[PDB]
$ cat protein.txt   # compact mmCIF, C-alpha atoms
# COMPACT_ATOMS: atom_id res chain seq x y z
CA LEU A 1 -6.77 9.51 0.49
CA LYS A 2 -7.11 7.68 -2.80
CA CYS A 3 -5.35 4.33 -2.87
CA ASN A 4 -4.94 1.91 -5.75
CA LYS A 5 -5.47 -1.84 -5.90
CA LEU A 6 -3.14 -4.55 -7.16
CA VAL A 7 -2.47 -2.67 -10.38
CA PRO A 8 -1.74 1.07 -10.32
CA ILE A 9 -4.58 1.56 -12.77
CA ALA A 10 -7.69 1.17 -10.65
CA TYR A 11 -7.97 3.19 -7.46
CA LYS A 12 -10.58 4.84 -5.27
CA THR A 13 -10.96 6.71 -2.01
CA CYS A 14 -10.49 5.06 1.37
CA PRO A 15 -12.67 7.07 3.75
CA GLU A 16 -13.33 4.19 6.11
CA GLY A 17 -11.12 5.46 8.91
CA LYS A 18 -8.37 5.50 6.30
CA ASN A 19 -6.18 8.37 5.17
CA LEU A 20 -3.06 6.48 4.16
CA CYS A 21 -2.11 3.82 1.63
CA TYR A 22 0.30 0.94 2.05
CA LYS A 23 1.87 -1.75 -0.11
CA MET A 24 3.41 -5.03 0.96
CA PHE A 25 6.32 -6.37 -1.06
CA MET A 26 7.66 -9.91 -1.02
CA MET A 27 11.27 -10.43 0.01
CA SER A 28 12.30 -6.99 -1.18
CA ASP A 29 10.46 -3.78 -1.96
CA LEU A 30 12.63 -2.91 -4.94
CA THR A 31 10.73 -5.55 -6.87
CA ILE A 32 7.02 -5.37 -7.62
CA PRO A 33 4.66 -5.54 -4.63
CA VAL A 34 2.37 -8.43 -3.77
CA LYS A 35 -0.52 -6.69 -2.04
CA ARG A 36 -1.60 -3.24 -0.92
CA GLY A 37 -4.45 -1.43 0.79
CA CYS A 38 -5.48 1.62 2.78
CA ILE A 39 -4.75 2.25 6.44
CA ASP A 40 -4.81 4.94 9.09
CA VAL A 41 -1.51 4.01 10.69
CA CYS A 42 1.52 2.26 9.26
CA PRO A 43 1.58 -1.34 10.53
CA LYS A 44 4.60 -3.24 11.79
CA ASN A 45 7.16 -3.91 9.08
CA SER A 46 7.82 -7.61 8.62
CA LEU A 47 11.08 -9.24 7.60
CA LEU A 48 9.36 -11.55 5.15
CA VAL A 49 7.32 -8.84 3.47
CA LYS A 50 8.42 -5.24 3.13
CA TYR A 51 5.95 -2.63 4.32
CA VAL A 52 5.68 0.70 2.54
CA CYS A 53 3.29 3.40 3.70
CA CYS A 54 2.49 6.67 1.97
CA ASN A 55 0.08 9.58 2.13
CA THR A 56 -0.05 10.41 -1.56
CA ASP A 57 -2.82 9.61 -4.01
CA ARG A 58 -1.83 6.70 -6.22
CA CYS A 59 1.28 6.20 -4.11
CA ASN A 60 0.82 2.45 -4.34
$ encode --input "protein.txt" --output "structure tokens"
Amino acid sequence: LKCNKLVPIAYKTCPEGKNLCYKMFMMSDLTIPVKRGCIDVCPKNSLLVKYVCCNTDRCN
């Protein structure tokens, strides 16, 4: 799938054993995220940073 970088302006495809995109938010997810990348499986959600996975292009 095609995932975006920090800003939802630049994004590409994540073939490297990746078919999902994720975004990590600080404290809360409601607010803007802090980092994001591609992944094959949703990682463990932390209490410090909120984990949000998706399978849609430009989801992050």
$ residues_around --input "protein.txt" --residues "residue 19 (chain A)" --least-positions-apart "4" --cutoff "10 Å" --atoms "all atoms listed in the file" --output "PyMOL selection string"
chain A and resi 1-3+13-15+38-41+54-57
$ axis_aligned_box --input "protein.txt" --around "region 38-48 of chain A" --padding-each-side "5 Å" --output "lines of an AutoDock Vina configuration file"
center_x = 2.8
center_y = -3.3
center_z = 7.3
size_x = 26.6
size_y = 26.5
size_z = 19.0
$ closest_residue --input "protein.txt" --among "A:46, A:5, A:18, A:10" --to "residue 34 (chain A)" --atoms "only C-alpha atoms"
A:5
$ atom_distance --input "protein.txt" --atom1 "CA of residue 6 (chain A)" --atom2 "CA of residue 27 (chain A)"
17.1 Å
$ atom_distance --input "protein.txt" --atom1 "CA of residue 29 (chain A)" --atom2 "CA of residue 17 (chain A)"
25.9 Å
$ build_atoms --input "protein.txt" --residues "region 19-52 of chain A" --atoms "N, CA and C atoms" --output "short mmCIF file (atom, residue, chain, number, x, y, z; two decimals), in the coordinates of the input"
data_model
loop_
_atom_site.label_atom_id
_atom_site.label_comp_id
_atom_site.auth_asym_id
_atom_site.auth_seq_id
_atom_site.Cartn_x
_atom_site.Cartn_y
_atom_site.Cartn_z
N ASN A 19 -6.70 7.15 5.76
CA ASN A 19 -6.18 8.37 5.17
C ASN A 19 -4.74 8.13 4.70
N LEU A 20 -4.39 6.85 4.60
CA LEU A 20 -3.06 6.48 4.16
C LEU A 20 -3.14 5.18 3.35
N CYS A 21 -2.17 5.01 2.47
CA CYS A 21 -2.11 3.82 1.63
C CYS A 21 -0.81 3.08 1.92
N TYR A 22 -0.87 1.77 1.80
CA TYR A 22 0.30 0.94 2.05
C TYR A 22 0.40 -0.19 1.02
N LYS A 23 1.62 -0.68 0.84
CA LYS A 23 1.87 -1.75 -0.11
C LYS A 23 2.89 -2.72 0.48
N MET A 24 2.54 -4.00 0.44
CA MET A 24 3.41 -5.03 0.96
C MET A 24 4.16 -5.74 -0.17
N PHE A 25 5.48 -5.73 -0.06
CA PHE A 25 6.32 -6.37 -1.06
C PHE A 25 6.95 -7.65 -0.51
N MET A 26 7.08 -8.63 -1.40
CA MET A 26 7.66 -9.91 -1.02
C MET A 26 9.19 -9.86 -1.09
N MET A 27 9.82 -10.41 -0.06
CA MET A 27 11.27 -10.43 0.01
C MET A 27 11.84 -9.02 0.06
N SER A 28 11.79 -8.35 -1.08
CA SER A 28 12.30 -6.99 -1.18
C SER A 28 11.21 -6.06 -1.72
N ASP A 29 11.42 -4.77 -1.50
CA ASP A 29 10.46 -3.78 -1.96
C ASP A 29 10.84 -3.33 -3.38
N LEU A 30 12.13 -3.31 -3.63
CA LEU A 30 12.63 -2.91 -4.94
C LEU A 30 11.75 -3.53 -6.03
N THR A 31 11.54 -4.83 -5.91
CA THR A 31 10.73 -5.55 -6.87
C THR A 31 9.26 -5.15 -6.73
N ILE A 32 8.44 -5.66 -7.64
CA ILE A 32 7.02 -5.37 -7.62
C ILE A 32 6.41 -5.88 -6.31
N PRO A 33 5.34 -5.18 -5.86
CA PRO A 33 4.66 -5.54 -4.63
C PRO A 33 3.81 -6.80 -4.83
N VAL A 34 3.21 -7.25 -3.73
CA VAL A 34 2.37 -8.43 -3.77
C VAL A 34 0.93 -8.03 -3.44
N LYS A 35 0.79 -7.16 -2.46
CA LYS A 35 -0.52 -6.69 -2.04
C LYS A 35 -0.40 -5.26 -1.52
N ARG A 36 -1.55 -4.61 -1.41
CA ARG A 36 -1.60 -3.24 -0.92
C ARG A 36 -3.03 -2.85 -0.57
N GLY A 37 -3.14 -1.90 0.35
CA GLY A 37 -4.45 -1.43 0.79
C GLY A 37 -4.33 -0.08 1.50
N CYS A 38 -5.45 0.35 2.07
CA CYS A 38 -5.48 1.62 2.78
C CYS A 38 -5.32 1.33 4.27
N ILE A 39 -4.94 2.37 5.00
CA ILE A 39 -4.75 2.25 6.44
C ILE A 39 -4.66 3.64 7.06
N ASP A 40 -4.86 3.69 8.37
CA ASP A 40 -4.81 4.94 9.09
C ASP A 40 -3.42 5.12 9.71
N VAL A 41 -2.84 3.99 10.08
CA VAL A 41 -1.51 4.01 10.69
C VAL A 41 -0.66 2.89 10.07
N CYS A 42 0.60 3.21 9.85
CA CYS A 42 1.52 2.26 9.26
C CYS A 42 1.69 1.09 10.24
N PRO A 43 1.46 -0.14 9.72
CA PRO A 43 1.58 -1.34 10.53
C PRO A 43 3.05 -1.68 10.78
N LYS A 44 3.26 -2.79 11.48
CA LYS A 44 4.60 -3.24 11.79
C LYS A 44 5.23 -3.86 10.53
N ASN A 45 6.45 -3.41 10.24
CA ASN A 45 7.16 -3.91 9.08
C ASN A 45 7.69 -5.31 9.37
N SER A 46 7.38 -6.23 8.47
CA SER A 46 7.82 -7.61 8.62
C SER A 46 9.15 -7.82 7.88
N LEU A 47 9.81 -8.91 8.22
CA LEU A 47 11.08 -9.24 7.60
C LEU A 47 10.83 -10.03 6.32
N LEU A 48 9.73 -10.75 6.31
CA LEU A 48 9.36 -11.55 5.15
C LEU A 48 8.84 -10.63 4.04
N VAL A 49 7.90 -9.78 4.42
CA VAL A 49 7.32 -8.84 3.47
C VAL A 49 7.68 -7.42 3.89
N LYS A 50 8.05 -6.62 2.89
CA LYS A 50 8.42 -5.24 3.13
C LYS A 50 7.16 -4.37 3.16
N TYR A 51 7.09 -3.51 4.17
CA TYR A 51 5.95 -2.63 4.32
C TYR A 51 6.30 -1.20 3.90
N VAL A 52 5.47 -0.65 3.03
CA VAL A 52 5.68 0.70 2.54
C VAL A 52 4.38 1.50 2.68
#
